[PDB]
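Encoded as structure tokens, the following chain is the form deposited in one PDB entry, with no partner shown.
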């Protein structure tokens, strides 16, 4: 720690502003929307849909969210200064992982339900996707994350570090990215120390492989859209 205490406190605030500005929905609104849950008739409605139809809807939502994650990255203090090769490399590797974190963030542990298209619904809502092993692992990851009770600032700093990771293969300016990552670790480390929550990152499960799969499904649909019904 050569950086002065006041400078790091600002970096925390700047990163949080970027996360809040770029969420699809404010967390506070999400908690207030927990009362309305899809009705059993609405749920069956979703289950009636064809595998392709439910994947086509879910994949569009993953891509919409990715777009908001790219905006998050733009707001990071040093992201724009990086060469476009590096900007793209970091987003390919990490942007889906952030997405899963942001969508799993809109979850309610009391009744095991997720905010989805305007109302909260349970795991049963997704039966049409037909990948129950993937859907149950994703709901687990969400339940574990809820137990840890990340604040908006803790979730903003952690997602920031996911994107700004200097070990991705294909980075031209490796040293420049390490400098940007280190500054975020300094910031985040300080914030955990002040709140006595240093241990929380260890307890978070790895979502990398889950996101790898989600990206594979998103890609699957774009490669094969000519074989399915037109938009």
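In this text, the rigid core denotes the largest set of C-alpha atoms whose superposition between the two forms falls within 1.5 Å. Numbering follows the first chain given and starts at 1.
Form deposited in another entry: not shown, discussed below.
In the overlay on the core between the shown form and the other one, a shift of 2 Å or more in CA position is seen for a single residue of 51, 204, 31, 37, which is 204. Relative to the shown form, the Cα atoms of residue 50 and residue 218 move apart by 3 Å or more in that other deposited form.
Whereas the shown form places them at one spacing, the Cα atoms of residue 84 and residue 223 lie at least 3 Å farther apart in that other deposited form.
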